[PDB]
S.K.: 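The structure's right below; bear with me while I get my questions together.
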Amino acid sequence: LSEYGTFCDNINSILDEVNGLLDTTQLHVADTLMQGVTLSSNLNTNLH
Amino acid sequence: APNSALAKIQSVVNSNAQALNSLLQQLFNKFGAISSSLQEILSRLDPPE
């Protein structure tokens, strides 16, 4: 497998880039959900 | 300062440079052959192998 030396590093790099892209996308989605959200401290979901 | 926009631009450039370096490095892989150099193949062996 070392005679194909670049191969497993390339696959690992591509998968790592894909997974980091998924993580960045999840962070962006969470930021969009939480963007500009202001809630009161008095807010109690068990009663309201 | 280490801001995200310049990081993104340099990431574009560095990703391109890494992809080209990786493609160039594929010329020095052997893929199971006795050598990665076609000169070595054509000098060390007669045509059938």
Side-chain angles (χ1 to χ4, degrees):
Chain A
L1 179 58
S2 84
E3 254 166 281
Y4 305 75
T6 317
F7 216 96
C8 275
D9 281 359
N10 269 21
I11 274 153
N12 285 347
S13 299
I14 294 163
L15 276 191
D16 282 354
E17 195 241 4
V18 149
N19 294 334
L21 185 56
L22 280 172
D23 293 337
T24 301
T25 295
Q26 199 195 25
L27 272 173
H28 204 177
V29 170
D31 192 30
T32 300
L33 287 167
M34 297 303 301
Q35 164 64 32
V37 171
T38 298
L39 298 175
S40 175
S41 304
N42 302 18
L43 188 52
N44 187 5
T45 69
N46 301 291
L47 275 303
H48 322 133
Chain B
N3 79 307
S4 62
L6 187 68
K8 210 171 175 187
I9 302 161
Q10 283 169 347
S11 85
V12 166
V13 163
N14 291 347
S15 68
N16 174 76
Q18 184 178 2
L20 297 197
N21 174 260
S22 174
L23 187 59
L24 172 64
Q25 283 316 115
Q26 295 275 23
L27 294 185
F28 307 100
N29 295 333
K30 292 185 291 191
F31 315 105
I34 63 161
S35 181
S36 58
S37 170
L38 290 168
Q39 184 175 358
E40 300 289 335
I41 310 303
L42 291 171
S43 306
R44 293 181 184 271
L45 298 176
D46 90 348
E49 325 78 39

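Labels below follow one simple rule: chain letters A, B, ... track the order of the sequence lines, proteins then strands, and each chain is numbered from 1. FYI, side chains are in, hydrogens and waters are out, and symmetry mates aren't considered; it's all heavy atoms of this structure.
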S.K.: Decide if atom NE2 of A/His48 counts as having more than 12 heavy atoms of other residues, nucleotides or ligands within a radius under 6.0 Å.
M.R.: yes

S.K.: Looking only at heavy atoms, which of residues 37-49 of chain B get nearer than 4.5 Å to chain A?
M.R.: none

S.K.: Can you list every pair that meets side-chain hydrogen bond (donor to acceptor under 3.5 Å, both in side chains) and has a residue in residues 11-20 of chain A, with sequence neighbours left out?
M.R.: none

S.K.: Kindly state each residue pair satisfying salt bridge (charged side-chain N to carboxylate O under 4.0 Å, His left out) with at least one member in residues 28-42 of chain A, sequence neighbours excluded.
M.R.: none

S.K.: For residues 1-26 of chain B, give me every residue with a non-hydrogen atom less than 4.5 Å from any non-hydrogen atom of chain A.
M.R.: B/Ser22, B/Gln25, B/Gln26

S.K.: Side chain, backbone, both or neither: which part of A/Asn10 has a heavy atom under 4.5 Å from chain B?
M.R.: side chain

S.K.: Does B/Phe31 share a hydrophobic cluster with A/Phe7, counting links as ILVMFWY side-chain heavy atoms below 4.5 Å and allowing steps through other members?
M.R.: yes

S.K.: Give a yes or no on whether A/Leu1 and A/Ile11 share a hydrophobic cluster (residues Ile, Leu, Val, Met, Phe, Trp, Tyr; joining criterion: side-chain heavy atoms under 4.5 Å apart).
M.R.: no

